[PDB]
Amino acid sequence: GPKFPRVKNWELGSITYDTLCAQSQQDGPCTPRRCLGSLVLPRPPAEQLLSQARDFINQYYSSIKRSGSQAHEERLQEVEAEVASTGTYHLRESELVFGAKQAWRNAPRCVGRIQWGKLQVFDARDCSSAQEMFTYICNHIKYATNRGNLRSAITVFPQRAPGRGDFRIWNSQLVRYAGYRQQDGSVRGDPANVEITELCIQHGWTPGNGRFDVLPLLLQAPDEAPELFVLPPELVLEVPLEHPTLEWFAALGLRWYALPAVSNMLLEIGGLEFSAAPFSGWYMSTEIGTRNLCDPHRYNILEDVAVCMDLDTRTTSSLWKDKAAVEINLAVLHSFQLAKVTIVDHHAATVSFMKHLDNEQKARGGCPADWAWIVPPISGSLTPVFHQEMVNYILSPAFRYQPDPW
Amino acid sequence: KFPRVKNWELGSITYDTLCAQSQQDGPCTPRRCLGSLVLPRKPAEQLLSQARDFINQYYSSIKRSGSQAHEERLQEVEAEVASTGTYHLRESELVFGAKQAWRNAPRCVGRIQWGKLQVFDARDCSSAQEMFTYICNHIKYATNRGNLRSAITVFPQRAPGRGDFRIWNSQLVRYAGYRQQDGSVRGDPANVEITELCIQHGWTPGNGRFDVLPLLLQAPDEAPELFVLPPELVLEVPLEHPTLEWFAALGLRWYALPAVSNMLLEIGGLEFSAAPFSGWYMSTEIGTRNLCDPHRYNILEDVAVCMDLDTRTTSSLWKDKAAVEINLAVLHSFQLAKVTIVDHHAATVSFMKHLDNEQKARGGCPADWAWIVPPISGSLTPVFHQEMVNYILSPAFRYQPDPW
Ligand code: HEM
Ligand code: HEM
Ligand SMILES: N#Cc1ccc(CCNCc2ccc3ccc(N)nc3c2)cc1
Ligand SMILES: N#Cc1ccc(CCNCc2ccc3ccc(N)nc3c2)cc1
Ligand SMILES: C[C@H](O)[C@H](O)[C@H]1CNc2nc(N)[nH]c(=O)c2N1
Ligand SMILES: C[C@H](O)[C@H](O)[C@H]1CNc2nc(N)[nH]c(=O)c2N1
Ligand SMILES: [Zn+2]
């Protein structure tokens with residue numbers, strides 16, 4: 001009937017339609033000929049900018065119920081005149097707040113979006129040095145960590161400016177363990193971070209040799225080389241991993257940090273580009289227990305734990321991988337709880353995201369969602385989102401990926 | 001144009017150029033991706049074009065392209081469509097087509113096996129009774145006392161203005177789902193509609209959780225007929241856990257033969273509306289989906305209580321623990337009963353190998369990531385970390401409306 005994507009939940013039998021997708025301005029990677037949905041990273045003119053700026057201003061006035069108003073039309077003339085003279089324009093404070101929240105809300109790969117309204121936005125568009133970026137970041141970490149009672153936050157630094165260098169945080173997260181390529185070809189620490197480790201070295205960091213060494217920050221102010229800042233340890237809250245009944249698990253000496261703070265994503269709002277705008281939430285347990293600790297190309301501790309558990313690792317059909325993986329996820333949850341550090345398991349998360357989808361069905365007529373990223377990397381069909389069809393598309397405001405500064 | 005496909009565990013990159021041979025639209029557009037939808041939303045030069053292409057494929061497959069036999073076959077097909085609006089396949093072509101359809105199936109994790117498929121031509125079938133006989137033979141062959149073998153039986157093609165040969169059942173072996181009026185369901189809830197159709201067509205129902213249904217076979221433009229499968233034809237495996245002696249007491253069992261019977265087989269424009277095929281199970285299908293899915297037998301909590309776990313909360317991963325033991329139970333049981341089965345680790349490991357064979361052979365391989373990654377332990381398998389391109393090649397298995 002409706003000229004919109006019919007969406008089905010196969011557990012409950014319920015149908016919805018997505019009308020929100022009709023608001024999408026940007027093409028994704030798919031075509032009638034092939035679906036490229038499983039690719040991680042698939043491949044201004046004042047006219048262009050203005051149309052984006054206008055669209056965002058309309059989104060904004062809509063959210064405060066003043067679409068059509070004198071303040072709405074005036075704001076548009078203001079933005080247009082601003083672009084007409086400077087090539088760019090600037091956002092008001094509450095516009096930046098609404099956009100930051102809307103970029104999160106629009107993020108198709110994020111299962112934590114039920115929280116999208118509770119996002120603390122720190123304005124740091126006054127920042128003029130790399131030392132200043134460090135203070136803001138430290139403040140963010142302090143506020144967001146909150147002694148283990150975690151709080152979603154983002155800190156926004158100056159936007160891209162015509163003929164001027166970006167503000168860039170070089171690291172992909174604010175907190176990252178070092179990756180040390182060994183002489184025997186192997187890697188000590190986190191293999192994910194070999195390149196950022198070597199970059200920190202080339203820039204004069206005296207490197208450690210642990211499995212869990214916190215990297216310094218490489219902060220870059222416009223038209224200047226990156227400077228190096230070492231985070232004070234007490235600011236970086238960590239959780240030692242023990243298991244609730246496997247007494248030896250604590251002896252493995254594994255740990256993870258409390259705060260997931262992504263720092264290399266571009267925040268786009270109304271055609272304005274914020275190249276440095278780190279944000280943080282809290283972890284879902286499988287991020288640590290499954291991806292970071294058990295990916296072959298990460299810590300890859302699955303065999304280790306499996307041996308300690310005395311499993312038959314010579315054969316797939318023992319499900320020793322599945323067994324070990326559970327106990328690692330359980331230990332992540334148990335330790336974070338014990339340490340009173342905010343964390344959510346993948347059942348509780350996906351349940352909360354089903355409620356999110358229902359909220360947005362009413363609120364906006366749909367929700368852009370990446371099924372491959374929303375389903376957890378363990379126990380997939382045991383969570384309710386596995387049985388939920390999803391429609392994926394790009395809305396703006398948006399968190400976008402951006403090429404590495406070097 | 002050509003997609004860059006990356007494996008994120010190994011850093012390896014391929015380029016799918018096989019996709020450029022796709023003549024059929026998928027659900028996606030540049031504006032929104034609809035990859036997660038389970039089903040699709042909804043002259044004679046057309047048929048002749050698909051007909052030539054397939055013939056072209058066939059004669060290339062046997063390295064005999066441009067030959068006299070190739071040229072003659074094209075004229076035969078062309079002459080037959082011109083005169084009758086349709087044509088027929090030679091058995092050898094059919095064998096080829098059916099294999100290519102399996103090979104092209106983007107959702108199938110078991111395609112390493114594609115070239116090894118026993119094809120039964122049943123296009124000379126003319127009644128429900130004959131359909132039944134062909135089905136019994138397929139089951140006997142394919143089951144092979146537990147050493148499962150992959151077979152397809154192909155019934156007569158659809159014809160303009162005539163009913164289709166159909167098997168109403170989705171699989172040749174389904175368990176009855178009896179709707180107890182108190183909301184609940186006894187048996188497999190996935191099979192409520194089909195179980196009702198059977199009773200209204202005169203089947204005497206049971207009152208059990210694992211009651212094998214009869215088949216409803218329909219010869220064209222006739223009411224479907226009811227056929228009970230001889231109990232000895234339906235091989236089944238009682239489930240017991242290797243260390244939890246209390247598991248067998250749950251009275252759990254599953255059948256050995258996964259035979260899908262409601263998909264349409266399309267080869268060279270011709271359509272085969274009844275072409276049940278079968279292989280062997282991947283353990284997670286039974287252990288995770290069929291037994292643990294909420295809208296199926298839904299045994300997770302039950303098992304979890306007998307393991308004395310904390311149902312009170314999610315953070316205890318009781319669901320994940322119970323599921324792992326259920327999957328273990330299934331693998332153990334089947335291996336103990338000497339019935340063919342593949343775990344999700346072995347299966348995805350062979351699929352990787354398959355993608356590689358395919359990359360060398362055709363320059364790509366259509367794969368549905370959401371369907372290739374198993375329902376548990378996703379990232380613990382190599383296919384999770386592999387990018388995939390999805391598209392529609394022909395010959396192809398398709399979905400089709402239920403014939404009622
Ligand atoms: C509040 C608790 C949160 C939870 C539990 C959560 C959970 C997750 C998880 C598990 C992922 C998958 C990422 C991966 O596997 O690499 C994700 C993705 C994402 N999250 Fe959230 N998130 C939270 C908060 C936030 C916040 C505050 C923001 C920004 C304002 C945000 C923005 C995003 C974006 C843009 C992605 C896409 C990842 C990418 O494309 O690289 N999330 N989230
Ligand atoms: C030999 C062992 C085989 C294994 C282990 C296997 C495995 C699987 C699995 C696990 C699925 C996912 C199904 C689901 O979860 O609903 C699937 C799908 C599929 N398989 Fe295979 N398969 C095998 C043989 C075959 C054969 C012989 C054929 C046909 C000739 C075939 C054709 C298909 C098709 C068309 C799908 C798509 C399912 C759908 O969308 O309904 N497979 N396979
Ligand atoms: N190249 C590359 C490449 C590598 C990893 C990713 C995924 C990184 N996502 C990390 C991420 C981002 C935001 C998050 C928000 C909350 C949370 N708990 N985890 C979060 C995790 C994408 C591209
Ligand atoms: N409507 C609907 C609808 C519901 C479920 C499915 C999935 C059916 N696929 C089952 C299936 C198909 C082929 C298989 C081949 C081998 C195997 N071991 N299992 C197999 C299982 C499709 C459409
Ligand atoms: C190849 C595949 O697209 C890739 O590994 C994806 C799959 N799903 C994911 N899902 C989440 N949440 N995070 C990820 O990094 C990925 N990676
Ligand atoms: C909506 C979602 O795509 C749907 O549940 C899919 C996901 N992946 C699947 N994968 C397999 N193998 N079988 C399935 O039925 C499904 N279901
Ligand atoms: Zn797509």
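The values are calculated or read from the model by the stated rules, or taken from the named source; these are not laboratory values. With ideal geometry, Cβ positions are generated from the backbone for all residues, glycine too; neighbour counts draw on all protein chains shown.
Surrounded by 24 or more Cβ atoms within 10 Å (Cβ to Cβ) and either among the basic types (K, R) or assigned to a loop (DSSP other than H, G, I, E, B) (or both), is that true of A:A331? Here the answer is no, as A:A331 does not meet what is asked. Between A:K323, A:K355, the distinction of being part of a helix (DSSP H, G or I), away from ligand 3 (no atom under 13 Å from the Cβ) and closer than 30 Å to A:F122 by Cβ belongs to A:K355 only. Per the conditions (1) within 15 Å of A:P108 (Cα to Cα); (2) not in a helix (DSSP H, G or I), the sole criterion not satisfied by A:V7 is (1). Filtering the stretch A:29-47 to residues that are charged (D, E, K, R) and either within 16 Å of ligand 5 (Cβ to nearest atom) or buried (at least 21 other Cβ atoms within 10 Å of the Cβ) (or both) leaves A:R34, A:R43. Does the stretch A:309-320 contain at least one residue that is away from ligand 7 (no atom under 16 Å from the Cβ), within 24 Å of A:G210 (Cα to Cα) and assigned to a loop (DSSP other than H, G, I, E, B)? Looking for residues that are away from ligand 7 (no atom under 16 Å from the Cβ), within 24 Å of A:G210 (Cα to Cα) and assigned to a loop (DSSP other than H, G, I, E, B), one finds none in the stretch A:309-320, hence no.
Checked across the stretch A:239-250, the condition of being surrounded by 16 or more Cβ atoms within 10 Å (Cβ to Cβ), at positive phi and under 21 Å from the mean Cα position of the chain (by Cα) holds for no residue. Mind listing whichever residues of the stretch B:274-295 are in a loop (DSSP other than H, G, I, E, B) and within 12 Å of another protein chain (Cβ to nearest Cβ)? Within the stretch B:274-295, B:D293, B:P294, B:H295 qualify.
Within the stretch A:334-346, which residues are part of a helix (DSSP H, G or I) and more than 9 Å from chain B (Cβ to nearest Cβ)? Listed by number, the residues that qualify are A:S335, A:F336, A:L338. Here is a check on your reading of the model: is A:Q26 assigned by CATH to the domain that holds A:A369 and either under 23 Å from the mean Cα position of the chain (by Cα) or exposed (fewer than 14 other Cβ atoms within 10 Å of the Cβ) (or both)? Answer is yes for this residue.
Every residue, every condition in (1) surrounded by 23 or more Cβ atoms within 10 Å (Cβ to Cβ); (2) touching a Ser or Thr at 6+ places or on another chain (Cβ under 8 Å), yes or no:
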site: B:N144; (1), (2): no, no
site: B:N147; (1), (2): no, yes
site: B:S150; (1), (2): no, yes
site: B:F155; (1), (2): yes, yes
site: B:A159; (1), (2): no, yes
site: B:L172; (1), (2): yes, yes
site: B:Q180; (1), (2): no, no
site: B:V185; (1), (2): no, no
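When we screen A:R109, A:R105, A:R113 for residues that are within 20 Å of A:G271 (Cα to Cα) and out of contact with any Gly (no Cβ under 6 Å at 6 or more places or on another chain), the only hit is A:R105. Entry remark, the stretch B:373-404: residues being surrounded by 18 or more Cβ atoms within 10 Å (Cβ to Cβ), more than 9 Å from every other protein chain (Cβ to nearest Cβ) and either touching a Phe, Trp or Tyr at 6+ places or on another chain (Cβ under 8 Å) or small (G, A, S) (or both) number 5 in total.
The number of residues in the stretch B:11-28 being away from ligand 5 (no atom under 16 Å from the Cβ) and in a loop (DSSP other than H, G, I, E, B) comes to 7. Looking across the stretch A:258-301, the residues that are surrounded by fewer than 24 Cβ atoms within 10 Å (Cβ to Cβ), polar (S, T, N, Q) and farther than 26 Å from A:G380 by Cβ come down to A:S263, A:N264, A:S275. Applying the set (1) part of a loop (DSSP other than H, G, I, E, B); (2) assigned by CATH to the domain that holds A:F98; (3) not acidic (D, E) to A:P207 leaves exactly one unmet item: (2).
Restricting attention to the stretch A:296-308, the residues that are part of a loop (DSSP other than H, G, I, E, B) and at the interface with chain B (Cβ under 9 Å from one of its Cβ atoms) add up to 2.
B:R253 satisfies every condition listed in (1) crowded, with 20+ Cβ neighbours inside 10 Å; (2) not assigned by CATH to the domain that holds B:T133 except (1). Within the stretch A:351-372, restricting attention to residues that are within 12 Å of ligand 1 (Cβ to nearest atom) and either within 17 Å of the chain's Cα centre (by Cα) or of a type in the set (D, E, K, R) (or both), the residue that is farthest from the other protein chains (Cβ to nearest Cβ) is A:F353.
Residues in the stretch A:375-401 that are away from ligand 5 (no atom under 14 Å from the Cβ) and either under 21 Å from A:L330 (Cα atoms) or part of a helix (DSSP H, G or I) (or both): A:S381, A:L382, A:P384, A:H387. Check the stretch B:155-174 and report whether any residue there is among the polar types (S, T, N, Q), more than 30 Å from B:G251 (Cα to Cα) and out of contact with any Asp or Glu (no Cβ under 9 Å at 6 or more places or on another chain). So far as the stretch B:155-174 goes, no, none of its residues is among the polar types (S, T, N, Q), more than 30 Å from B:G251 (Cα to Cα) and out of contact with any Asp or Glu (no Cβ under 9 Å at 6 or more places or on another chain). Looking only at the stretch B:1-54, how many residues end up being facing chain A (nearest Cβ under 7 Å), out of contact with any helix residue (DSSP H, G or I) (no Cβ under 8 Å at 6 or more places or on another chain) and not hydrophobic (A, V, I, L, M, F, W, C)? Qualifying residue count for the region: 6.
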